[PDB]
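Worksheet for the structure shown next.
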Ligand SMILES: Nc1ncnc2c1ncn2[C@@H]1O[C@H](COP(=O)(O)OP(=O)(O)O)[C@@H](O)[C@H]1O
Ligand SMILES: [Mg+2]
């Protein structure tokens, strides 16, 4: 189970395109990494809870303590009840996670469809040489408002008029 | 450019969800690691008094 | 002295635990230490460190400290050799480290001075070369007829001022199958292994190896020596050299790669990817100062999310076309980090 | 080595300053008096304290002889004081 | 080590000392020439700051160096300076004067370079050769087309430290018009824009090459002084080693006489 999780986590880390500029998810990444390191250390360094009296008791002759330690470990194995209660704030965080994640998936999907339609009707039709000004006026009326505002203010040479076009100042 | 910048949050959302839940559960299940670690320490102490 | 000879010996002894802790007697290496001319406090600390890592179960510490007389020092390595042949003649494999044979040689000097044997050369009796010969040539790999036993030897000599041209050096470098140079300047520089690649030779180049490391770096020592020569040549005159030389960059990155901390035995599986990245020119854009962090990051990468090819190399003891391709995949996936 | 061990400090002499022109070729760096301070006339003892640091600094910064013109003003002053002394 | 000691004492120490000495003798003459030309250079620069002729808004790179073979660090410094300038703009016709700078330009940007001149750093600068080089550069390369011309030449502060000082070159376009060209009376029929452009192209380049020669030989003196110091300390340590070895011969003869006899 850990193998697939590590695969997906590392793939996400190396495939970050709009998932940069982070401050805490990498912190959780190192938290998980050191948690797994502690797991591995505990498995490789598993000391023997019960006393190995089969081969160790014969070593001691005047023990006077092996029974005491045996009883102490016998009464210590149930240290306490495991928490296993990651279902009060983690669950709420996750619920919000999938909810607004589906919301974002829907919005990015419809944005992609809108952009595709924009490209399609930009490049497939609408020639510009035969385009009429009335079509531009009916498509968008803010140009009319711009004309009102620079006529009333009386500035007919607002910067950015013919720099990219032809002035053709013959005289 | 807008298209190929936007077109990333389609197959990565599920990966984000699964990584988030897996990382959070692994972080918050450290109680098992703590219990195993304290049991290991006490077993090591018992073995230590044994060789002492 | 104090360059890491005893250090590398004890690291080898500790690393042999991973193979002598199993059941296959054909791979177990029952070590035997020869702490001749070693103070009793030092050998006590050494045995303490051995049993701290559970290495005393397979290591014999037959030795003669500085407290006892010279004949004890003279004979202790020979009796260690006897134990080594007993392990070897029984089909088992034993590693013997003749730690600092110099005190053995000078103990023989002390015997011969008042035993009425005239010294041969440089106040040394002539028979020092012969005694080194009989003692170290007993160390050998037996054939299948004799039981296929091995008696791997790790002789150690304490030279003065790095003078490998002195008498006792000359004899022992001519008595052995290659050497491992540990100059004091490299130890003082910061390289804890402090091993000079240029002069440290052996007779098992790309042989008697795992196979995974032998294919990656079967001739890397010559390349590193040429890197050192060109780097000396590079400082001699300003030409198409220094960072503009791919050979120089690869050599410096590999030399910085070859480092180790004491009491840290590293298995063979977590050694191929680093050398492969070094040899294959994958460390051009990693910088010398960052190679130390790159080693740990790359090892963690393998041991966390690329254990497939690592365990395949460990179990196979060789990197095949599939394993070479997987290691290449890992190395140029992790080169960006 | 036996002689320096028995003697309570030595005053090294070298023929190389003897040849360059410093015939009283007494070098402070290797010369030392372990009881010289306790058995020195007080005036020189109090004034020679500044001499030691000056000539030691001059001798350590003496490696770059024809370089102190643009190396550092402090190094140039140290060289000047050292050769004057 | 007898042959090594001999080649250290009489083959890399004393002749390097006398070659540093001849470098200093050349340094005196080149300093005299450098100050002589820097007189008119100071005149021209003060006139240009009096009459601002800055050029606004096709580039030229001129690599000016002597024939010395990388005397320590001056040639490497000039190479790194021209490398940085090429990184700023790699679309200029680089003209290289010398040999070491020529091969440095060849190994850095072989495509950009289109003219090389040899046999220049033979001795102290001469005005005729510099003026002829300027004429050739303005003819075959037509420096007037490029609004900006860059000349690379090192400058020693007093003796040791050097910098890659660059002086802007004013073309006829920025002389016929300038923010303060009206201060100085000019004759339109005399074609003084182009005349002053060629005059500054000649004077600035000539004094730049003279100063580059002076800095090159100063760095040569510094590098040979460093080599002399290396020879001196190598000779000191190897003479200590020689004394140790020759005394070890005495120890060996002592031991074999008291053992054999
Ligand atoms: N990472 C390291 N690798 C090797 N030696 C180390 C390291 N860190 C510290 N040391 C020191 O280097 C010393 C090695 O000395 P050693 O080689 O045993 O002397 P000798 O060569 O006389 O046997 C040790 O005493 C140890 O304290
Ligand atoms: Mg030791």
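Per DSSP helix of 4 or more residues, -39500 (n - 2.57); summed, then divided by the residues of the protein assembly as shown. What does that give at 222 nm, rounded to the nearest 500?
-18000 deg cm²/dmol
Kindly provide the Kirkwood hydrodynamic radius of segment C:192-337 in Å, to one decimal, from all pairs of distinct alpha carbon atoms.
16.1 Å
Between segment C:64-115 and segment E:49-104, what is the separation of their alpha carbon centroids in Å?
70 Å
Does segment E:22-98 come out rounded, prolate or oblate by the C-alpha gyration tensor, with a ≥ b ≥ c the root eigenvalues, rounded set by a/c under 1.5 and, if not, prolate when a/b is larger than b/c and oblate if not?
It comes out oblate by the Cα gyration axes.
Ranking E:162, D:18 by Cβ neighbours within 10 Å, fewest first, what do you get?
Sorted ascending by nearby Cβ count, the order is D:18, E:162.
For chain C, what is the Kirkwood hydrodynamic radius in Å, using each pair of distinct C-alpha atoms?
21.9 Å
What number results when the radius of gyration of segment E:1-140, computed over Cα atoms, is divided by 2.2 N^0.38 Å?
1.34
How many angstrom lie between the Cα centre of segment A:43-61 and the Cα centre of segment C:1-21?
For segment A:43-61 versus segment C:1-21, the Cα centre distance is 28 Å.
When C:158, A:43 are ordered from fewest to most other Cβ atoms inside 10 Å of their Cβ, what list results?
Least crowded to most crowded, the residues run A:43, C:158.
Would you give the gap between the C-alpha center of segment A:96-171 and the C-alpha center of segment C:306-331, rounded to a whole Å?
57 Å
Normalise the Cα radius of gyration of segment A:16-171 by 2.2 N^0.38 Å (N = residues in it) and let me know the number.
So segment A:16-171 has a normalised radius of gyration of 2.53.
Report, in degrees rounded to the nearest 10, the 0 to 90 angle that the Cα long axis of helix A:25-44 makes with the longest principal axis of chain A.
Helix A:25-44 sits roughly 20 degrees off the main axis of chain A.
Based on the alpha carbon coordinates of chain E, what radius of gyration and maximum Cα-Cα distance (Dmax) apply, in Å?
25.7, 107
Based on other C-beta atoms within 10 Å, arrange E:197, A:165 from fewest to most.
A:165, E:197
Please work out whether the protein assembly as shown counts as rounded, prolate or oblate from its C-alpha gyration tensor, where a ≥ b ≥ c are the square roots of the eigenvalues and a/c under 1.5 means rounded, while otherwise a/b larger than b/c means prolate and anything else oblate?
oblate
What do you get when you divide the Cα radius of gyration of segment E:151-261 by 2.2 N^0.38 Å, with N the number of residues?
Here the Cα radius of gyration is 2.38 times the empirical estimate.
Based on the Cβ-Cβ distance of residue E:107 and residue D:15, what FRET efficiency does E = 1/(1 + (r/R0)^6) give at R0 = 41 Å, to the nearest 0.05?
Plugging the Cβ-Cβ distance into 1/(1 + (r/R0)^6) gives 0.25.
If you average over every viewing direction, what projected area does the convex hull of the Cα atoms of segment A:1-81 give, in nm²?
The Cα convex hull of segment A:1-81, projected and averaged over all directions, gives 9.0 nm².
Please report Rg (one decimal) and Dmax (integer) in Å for the Cα set of segment D:35-85.
Both quantities, over Cα of segment D:35-85: 13.7, 43 Å.
Pick from B:29, B:42, B:19 the residue whose mean-square fluctuation is largest in a GNM of chain B, springs joining Cα atoms under 10 Å.
B:42
Calculate the mean, over all residues of peptide C:116-122, of how many other protein chain Cβ atoms lie within 10 angstrom of the residue's Cβ.
Neighbouring Cβ atoms belonging to other protein chains average 1 per residue here.
Calculate the mean, over all residues of peptide B:6-12, of how many other protein chain Cβ atoms lie within 10 angstrom of the residue's Cβ.
Counting Cβ atoms of other protein chains within 10 Å of each residue's Cβ and averaging gives 6.
Report the semi-axes of the equivalent ellipsoid for chain B in whole Å, largest first, where each axis is √(5λ) for an eigenvalue λ of the Cα gyration tensor.
Square roots of five times the eigenvalues give 49, 10, 5 Å.
How well do other chains shield peptide A:77-89, expressed as the mean number of their Cβ atoms within 10 Å of each residue Cβ?
3
Write down, largest first, the equivalent ellipsoid semi-axes of segment C:1-57 in whole Å, where each equals the square root of 5 times an eigenvalue of the alpha-carbon gyration tensor.
23, 12, 10
Among A:92, A:22, A:64, which one shows the highest mean-square fluctuation when chain A is modelled as a Gaussian network with alpha-carbon springs under 10 Å?
A:22
Between residue D:73 and residue E:32, what's the calculated FRET efficiency when r is the beta-carbon distance and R0 is 30 Å? Round to 0.05.
0.65
Tell me whether segment E:79-183 comes out rounded, prolate or oblate; compute the Cα gyration tensor, take square roots of the eigenvalues as a ≥ b ≥ c, and use a/c under 1.5 as the rounded threshold.
The shape class here is rounded.
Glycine gets a Cβ as well: all are built from the backbone with ideal geometry, and neighbour counts include every protein chain shown. Every read-out reported here was derived from the displayed coordinates using simple, explicitly stated rules and does not represent laboratory data.
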